[PDB]
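Protein sequence lines, in the order shown, are assigned to chains A and B. Here the working numbering is used: the first residue of the first sequence is 10, the next is one more, and so on. Here the working numbering is used: the first residue of the second sequence is 38, the next is one more, and so on.
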Amino acid sequence: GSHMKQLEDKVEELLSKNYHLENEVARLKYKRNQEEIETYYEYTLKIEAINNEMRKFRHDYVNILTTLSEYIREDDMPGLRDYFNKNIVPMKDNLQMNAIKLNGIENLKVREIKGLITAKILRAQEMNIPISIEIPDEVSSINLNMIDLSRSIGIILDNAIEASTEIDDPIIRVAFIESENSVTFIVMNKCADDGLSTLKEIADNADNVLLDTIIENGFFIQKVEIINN
Amino acid sequence: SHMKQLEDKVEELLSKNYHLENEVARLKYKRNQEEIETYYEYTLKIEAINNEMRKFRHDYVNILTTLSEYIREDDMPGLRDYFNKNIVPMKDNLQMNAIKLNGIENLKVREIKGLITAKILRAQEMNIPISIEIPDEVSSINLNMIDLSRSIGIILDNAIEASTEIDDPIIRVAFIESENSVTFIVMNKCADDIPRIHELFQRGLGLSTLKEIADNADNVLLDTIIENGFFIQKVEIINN
């Protein structure tokens, strides 16, 4: 009767349970720790930023050495003095209060995204593709995990850069726009005469990520709006 | 009796599930401790590299400011002389430095490209001659991210510390791929002057927690060679 029923049901239920626990032991012993791997990816994004910062610094310093060289070869002490007072004393001083003044890549306060854009600016500079950065306001935060935000931005700039190679007098423009409601990443490039799948995957698994495209008179636009939580 | 059995069964399945549930919980704790070690290890490593790079950058900007004397004295002859003798050669060393970094393009394992570039920048800014050779693209290495990363780091950090004392240091790095496996090699010039024992005790600990990683994978073969005055560290990682 209902004792036997319930007792037989019990030995069944406990066997199911024993099965699912045996599966959880097996997953924890043998499948990859997704979380530990995500910590490792996030670490790689930091060290890429650090590497790309030091490369930009080397590129920048070489240009300062070129400029000084030129002044010296022109025998132009007035210019050298003016340039040193205006560019190299401030660089040495390195005052925080001069942060209110800086309005370009210097206002991107997410270290990992700043390094990533620094790399794309350097890649473009190698291939004689001019690249403007418009970040009028400081951008301290973006409501997307670092891994997806990183892949998204890099693919959009990879598109722009590949598209700029088959062209005379190209240009790429980049902007970060903060409202009260969202952060918006825009990339425009000049067009010729007319991967990106993993990017659509990301926008479709996020309700706050709106991916937009525009063809506007001999230049292509990619836009990502990210809404605050 | 028949029924005394099921009552006996439920008892013994409940006991089994208890033990399993203790196992799951002990493994969740082991995984938790591991996530923690990985986060603090890698967050400390970022701090030490970030602070080293800043120092390098500080030295660079200091050098620019040694021109200040010459400018205030309105002395262009002393500037031209000082610059063309002390400062301007940096820009050649920096252009060569940028060229050597193009040696890493064939590394298509994003997992470790940042790690390797960072050791190369570090060696370059310590004025240790370094080259990297990857004759064919390498897009797949058959060892976990974390252990590959720890192995590479130890070997490159060993080659770099051992190179700071020496008069003419060289480090050579390579990734080669057969169709069988991938091999990672770091050659560095052995020192002539051997350190006093007391100026070395508080690499050898790190070489053993490298053997740790090599022993606990059958498909990774570690080799340590001395050959014509070079320490060679080879790690072969088979696609078995």
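Virtual Cβ for every residue (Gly too), placed ideally from N, Cα, C.
When we look at the beta-carbon of residue 98(A) and count the other beta-carbons within 10 Å, is it buried (16 or more) or exposed? Residue 98(A) should be labelled exposed.
Counting only beta-carbon separations shorter than 7 angstroms, does residue 60(B) have a partner in chain A? Taking Cβ atoms only, chain A reaches closer than 7 angstroms to residue 60(B), which makes this a yes.
Can you grab the Cα-Cα spacing for the pair residue 80(B) / residue 105(B), in whole Å? Whole-angstrom Cα-Cα distance: 39 angstroms.
Output, in chain order, the set of chain B residues within a Cβ distance shorter than 7 angstroms of residue 46(A). Near residue 46(A) (Cβ distances below 7 angstroms), the residues of chain B are 182.
What residue ranges within the segment 109-182 of chain A form continuous beta strand (DSSP E) runs of no fewer than 3 residues, ordered along the chain? Within the segment 109-182 of chain A, the complete beta strand (DSSP E) runs of at least 3 residues fall at 140-143.
For the segment 78-99 of chain B, list every residue whose C-beta sits within 8 angstroms of some C-beta in chain A, in sequence order. Residues passing the 8 angstroms Cβ filter: 79, 80, 82, 83, 86, 87, 90, 93, 94, 97, 98 and 99.
Quick one: which chain B residues come within Cβ less than 9 angstroms of residue 27(A)? The contacting residues are 50, 53, 54 and 57.
Taking the beta strand (DSSP E) that residue 236(B) belongs to, which residues open and close that run? Where residue 236(B) is concerned, there is no enclosing beta strand (DSSP E), because DSSP gives it neither an H nor an E.
Find out if the Cβ-Cβ distance for the pair residue 233(B), residue 195(B) is shorter than 7 angstroms. No; because the gap between Cβ atoms is not below 7 angstroms, this pair is not in contact.
Using a Cβ-Cβ cutoff of less than 7 angstroms, which residues in the same chain neighbour residue 158(A) once the five nearest sequence positions on both sides are dropped? Cβ within range, chain order: 122 and 151.
Between the segment 179-195 of chain A and the segment 129-147 of chain A, can you find at least three pairs of beta-carbon atoms closer than 8 angstroms? Result yes; three or more Cβ-Cβ pairs closer than 8 angstroms.
Comparing alpha-carbon positions, which option in 271(B), 166(B) and 156(B) lies nearest residue 263(B)? For the residues 271(B), 166(B) and 156(B), the minimum Cα distance to residue 263(B) belongs to 271(B).
Is the beta carbon of residue 90(A) sitting closer than 7 angstroms to the one on residue 100(B)? Residue 100(B) sits away from residue 90(A), with the two beta carbons spaced by 7 angstroms or more.
Below-7 angstroms beta-carbon distance, residue 113(B) vs any chain A residue: Taking Cβ atoms only, chain A reaches closer than 7 angstroms to residue 113(B), which makes this a yes.
Which residues of chain B have a Cβ atom closer than 7 angstroms to the Cβ of residue 78(A), listed in chain order? 125, listed in chain order.
DSSP bridge partner residues for residue 186(A) (one or two, in chain order): Bridge partners of residue 186(A): 193(A).
By alpha-carbon positions, which one of 221(A), 39(A), 35(A) and 162(A) ends up nearest to residue 119(A)? With distances taken between Cα atoms, residue 119(A) lies closest to 162(A).
Can you give me, in chain order, the residues of the segment 142-155 of chain B that have a beta carbon less than 9 angstroms from any beta carbon in chain A? Hits within the stretch, in order: 147, 148, 149, 150, 151, 152, 154 and 155.
Along chain A, in chain order, which residues have C-beta atoms closer than 8 angstroms to that of residue 65(B)? Chain A residues near residue 65(B): 37.
Could you check what DSSP says for residue 234(A) in three-state terms: helix, strand or coil? Secondary structure at residue 234(A): strand, using DSSP grouped into helix, strand and coil.
Is there at least one Cβ from chain B nearer than 7 angstroms to residue 20(A)'s Cβ? Output row for residue 20(A): interface = yes.
Could you tell me if residue 57(A) is buried or exposed, where buried requires 16 or more neighbouring beta carbons within 10 angstroms of its beta carbon? For residue 57(A), the number of other beta carbons within 10 angstroms of its own is at least 16, and it is reported as buried.
Cβ-based neighbour list, residue 267(B), same chain, cut-off 8 angstroms, excluding 5 preceding and 5 following: Around residue 267(B): 224, 225, 226 and 227.
Just verifying my parser: in three-state terms, what is the DSSP assignment at residue 214(A)? Coil at residue 214(A), not helix or strand.
Could one say the Cβ of residue 102(B) lies closer than 7 angstroms to chain A's Cβ atoms, at least one of them? Output row for residue 102(B): interface = yes.
Counting only beta-carbon separations shorter than 7 angstroms, does residue 42(A) have a partner in chain B? Output row for residue 42(A): interface = yes.
Figure out for me which residue from 47(B), 238(B) and 180(B) has the closest Cα to the Cα of residue 255(B). It is 180(B) whose Cα lies nearest to the Cα of residue 255(B).
Check the C-beta distance from residue 142(A) over to residue 170(A) and give it rounded, since I have them as a contact under 8 angstroms. Not confirmed; about 14 angstroms, so no contact.
Taking DSSP as the reference, what is the three-state secondary structure of residue 116(B)? Note: residue 116(B) maps to helix in three-state DSSP.
Quick one: what does DSSP say residue 261(B) is sitting in, helix, strand or coil? For residue 261(B), the secondary structure class from DSSP, reduced to helix, strand or coil, is strand.
Do residue 251(B) and residue 244(B) count as a contact pair if the criterion is CB distance below 7 angstroms? Against a cut-off of 7 angstroms, the Cβ pair of residue 251(B) and residue 244(B) comes out as no contact.
Please report the straight-line C-alpha distance between residue 216(B) and residue 257(B), rounded to a whole angstrom. Whole-angstrom Cα-Cα distance: 15 angstroms.
For the alpha helix (DSSP H) containing residue 15(A), list its first residue and its last residue. Element bounds for residue 15(A): 11-39.
Nearest CA to the CA of residue 128(A): which residue from 25(A), 214(A) and 63(A)? Nearest of 25(A), 214(A) and 63(A) to residue 128(A), Cα basis: 63(A).
Own chain, CB closer than 6 angstroms to residue 68(A), minus 5 neighbours either side, in chain order: Cβ within range, chain order: n/a, list empty.
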